[PDB]
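Trainee: can you look at this? It's an experimental structure, sequence on top.
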Amino acid sequence: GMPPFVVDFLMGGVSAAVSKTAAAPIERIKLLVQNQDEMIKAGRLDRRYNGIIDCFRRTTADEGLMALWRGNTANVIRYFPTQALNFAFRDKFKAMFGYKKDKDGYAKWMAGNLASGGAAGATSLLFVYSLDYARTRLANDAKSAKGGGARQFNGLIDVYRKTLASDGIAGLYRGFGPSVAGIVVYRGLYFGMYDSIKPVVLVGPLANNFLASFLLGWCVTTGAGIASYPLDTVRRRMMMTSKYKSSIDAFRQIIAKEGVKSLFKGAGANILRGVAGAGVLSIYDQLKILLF
Amino acid sequence: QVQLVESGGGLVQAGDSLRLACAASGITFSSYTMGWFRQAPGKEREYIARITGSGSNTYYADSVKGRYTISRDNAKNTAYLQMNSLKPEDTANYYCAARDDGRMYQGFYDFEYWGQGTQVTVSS
Ligand SMILES: CO[C@H](C/C=C\C=C\CC/C=C/C[C@H](C)/C=C/C(=C\C(=O)O)CC(=O)O)/C(C)=C\C=C(/C)C(=O)O
């Protein structure tokens, strides 16, 4: 008995939370093994992991199985509003266009799905970007503070206060441009490709199936991640200030001084994020099936 | 129950060499990383070195690189620290620590058991 929007918001949020918490121990072990040398350097670890199974036996055996979900609450407080806004807005923009595959032509309908995905991504980003910046600032200040380094902020509000006072709204949305281009591509292909391919391939007994929905979302996230990766290279590279003027000069100078290949480097890692995203989409549809 | 008792160390001339011992009682020694630290009055404590439980890998600090050499004996349950080419600034109370092998800790100063330390004074 709530609006059509708030329902999607809550469905997207819940589905995002379930998806993140589900894929949490795999990402935990992935990080643990990937960043073990830097831990030996900082004195956080004493000897390497002679295997993924040993990494499990080790961490879980000392502090319990729950140790696998360390740091997940922060990822859920980041991811919940992000995906909630994304899904609610996708269905809204989809209804704003309101294309019927049969009434308006398949290519125009798919363009409707892609446009909706992109628009929703851009809107969510506009709302959550400053929060991501502030949480990051506070976390880095906490690490420096942990090691005896001088503190800069009391809390999030202090981050907002100080950054607003020095650079204004631009300070909070620092490096927004390549961020919104990348997200309009990524969310466009994410929502657009999933919704456009789902009725085509998932027909008959697969119309209500979940494993099929997750696998389709898995492909979609894989491909979309790969397609949106160069804008992520330009984004990360431009926010590295914490060397280039405008994303177009960063693009041209990187392609000319490193190569086109350099932009794509680091693409393989997205593979686990690909699971999370995929799970959010499938769990969402399933969640709507039981709801309506 | 578990005690870390520092052995060796006294007053020595500059440039001479010392060996400090660390006797660990009450625990499985063949499974604990041993660490060496020092504390001098007016100076914040600093981590010297660390050695794995099986005596496979050793790690040092930039301040005592190549000068100090850490080792251990599981048959005697002792950790050794060899101090060479000493300078007057090395004058400190050297203490010993121990922690389980392969547990992730917040940093260098996070250990299970701590010793009380042996005074080391370097004359000029
Ligand atoms: C989060 O930090 C992002 C960083 C911003 C822009 C990145 C652009 C490069 C393209 C890569 C996109 C991958 C997305 C974030 C996919 C991420 C996934 C999981 C995760 O990040 O934990 C998978 C998925 O849901 O598809 C912020 C500030 C907002 C994101 C929004 C609004 C959005 O996701 O809707």
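Mentor: Happy to help now that I have it. Numbering: from 1, shown residues only, chains lettered A, B, ... in the order given.

Trainee: show me which residues of chain B are close to chain A?
Mentor: B:33, B:47, B:50, B:52-53, B:56-57, B:59, B:99-108 (Cβ under 8 Å from any Cβ of the partner chain). All C-beta atoms are positioned from the backbone trio N, CA, C, and that covers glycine.

Trainee: with adjacent residues omitted, what lies nearest to residue B:24?
Mentor: Using Cβ to Cβ, 6 or more residues apart in numbering or on different chains and skipping the chain neighbours, the partner closest in space to residue B:24 is residue B:77 (5.1 Å).

Trainee: out of the residues of chain B next to chain A, which are buried?
Mentor: Using 16 or more other Cβ atoms under 10 Å in any protein chain shown as the burial test, these include B:33, B:47, B:50, B:52-53, B:59, B:99-105, B:108 as buried.

Trainee: inside helices: which ones of the residues you listed?
Mentor: Assignment to helices by DSSP state H places none of these there.

Trainee: what's the farthest-apart pair in these?
Mentor: Greatest spacing in these, by Cβ to Cβ: B:47 and B:102 (18.8 Å).

Trainee: who touches residue B:79 in this structure?
Mentor: With contact taken as Cβ atoms under 8 Å, 6 or more residues apart in numbering or on different chains, residue B:79 is in contact with B:21-22, B:24, B:34, B:36, B:51, B:70-73, B:96, B:98.

Trainee: same thing but at 7 Å, please
Mentor: Residues near residue B:79 by Cβ atoms under 7 Å, 6 or more residues apart in numbering or on different chains: B:22, B:34, B:51, B:72, B:96.

Trainee: go on, residue A:285?
Mentor: Per Cβ under 7 Å, 6+ apart, neighbours of residue A:285: residue A:213.

Trainee: now do the contacts for the residue in chain B positioned nearest to chain A.
Mentor: Closest contact between chain B and chain A, by Cβ to the nearest Cβ, is at residue B:108 (3.7 Å). Contacts for residue B:108 (Cβ under 7 Å, 6+ apart) come out as A:43, B:47.

Trainee: go on, residue A:75?
Mentor: For residue A:75, the contacting residues are residue A:20, by Cβ under 7 Å, 6+ apart.

Trainee: can you tell me the element residue B:81 falls in?
Mentor: strand B:78-83 (DSSP states H and E).

Trainee: for chain B, what spans make up the strands?
Mentor: For chain B, strands defined by DSSP state E occupy the ranges B:3-7, B:11-13, B:18-25, B:32-39, B:46-51, B:58-60, B:68-73, B:78-83, B:92-100, B:113-114, B:118-123.

Trainee: hang on, residue A:74 is in a helix, isn't it?
Mentor: Yes - assessed with DSSP: H, G, I helix; E, B strand; the rest coil, residue A:74 lies in a helix.

Trainee: relative to residue A:152, how far out is it?
Mentor: 19 Å (Cβ to Cβ, to the nearest Å).

Trainee: so how far is residue A:19 from residue A:275?
Mentor: Distance check for residue A:275 against residue A:19: by Cβ to Cβ, it reads 8 Å.

Trainee: report how many residues lie close to residue A:79.
Mentor: Residues lying near residue A:79 (other Cβ atoms under 10 Å in any protein chain shown) number 20.

Trainee: any idea how far it lies from residue A:87?
Mentor: Using Cβ to Cβ, residue A:79 is found at 12 Å from residue A:87.

Trainee: hey, what's in contact with both of the two?
Mentor: Common contacts of residue A:79 and residue A:87 (Cβ under 7 Å, 6+ apart): none found.

Trainee: circling back to that earlier point, more crowded one of residue A:74 and residue A:152?
Mentor: A side-by-side neighbour count of residue A:74 and residue A:152, using other Cβ under 10 Å, places residue A:152 first with 15 against 11.

Trainee: name the SS class of the more buried one, please.
Mentor: Residue A:152 ends up coil, using three-state DSSP.

Trainee: the closest residue to it other than its chain neighbours sits in which helix or strand?
Mentor: With sequence-adjacent residues excluded and distances taken as Cβ to Cβ, 6+ apart, residue A:152 is closest to residue A:141, at 4.8 Å. Counting by DSSP H and E, the element that carries residue A:141 is helix A:106-146.

Trainee: chain center to that helix: distance?
Mentor: 8 Å (Cα atoms, centre = their mean, to the nearest Å).

Trainee: quickly compare the strands of chain B and say which is most buried.
Mentor: strand B:32-39 (a mean of 24; mean count of other Cβ atoms under 10 Å in any protein chain shown).

Trainee: show me the contacts for the residue in chain B positioned nearest to the ligand.
Mentor: Distance from the ligand to each residue of chain B (Cβ to the nearest ligand atom) is smallest for residue B:104, at 22.5 Å. Shown in contact with residue B:104 (Cβ under 7 Å, 6+ apart): A:39, A:44-45.

Trainee: before we move on, what about residue A:100?
Mentor: Residue A:100 neighbours (Cβ under 7 Å, 6+ apart): none.

Trainee: and the gap between it and residue B:58?
Mentor: Where residue B:58 is concerned, residue A:100 sits at a distance of 71 Å (Cβ to Cβ).

Trainee: same check, this time on residue B:51
Mentor: 5 Å.

Trainee: so what sits against both of those two?
Mentor: Common contacts of residue B:51 and residue B:58 (Cβ under 7 Å, 6+ apart): residue B:70.

Trainee: give me phi/psi at the closest residue to the ligand within chain A?
Mentor: Distances between chain A and the ligand by Cβ to the nearest ligand atom are smallest at residue A:277, namely 2.6 Å. Here is the backbone geometry of residue A:277 (degrees, to the nearest 10): phi -50, psi -50.

Trainee: can you count the residues close to residue A:172?
Mentor: By other Cβ under 10 Å, 19 other residues sit near residue A:172.

Trainee: the ligand contacts on the stretch 151-292 of chain A?
Mentor: Residues of the stretch 151-292 of chain A lying close to the ligand (Cβ under 6 Å from any ligand atom) are A:179, A:182-183, A:186-187, A:190, A:221, A:228, A:231-232, A:235, A:273, A:276-277, A:280.

Trainee: bridging residues for the residue nearest the centre of chain B?
Mentor: Central residue of chain B (Cα atoms, centre = their mean): residue B:36, 2.2 Å from the mean position. Listed beta-bridge partners, residue B:36: residue B:49, residue B:96 (assigned using DSSP bridges).
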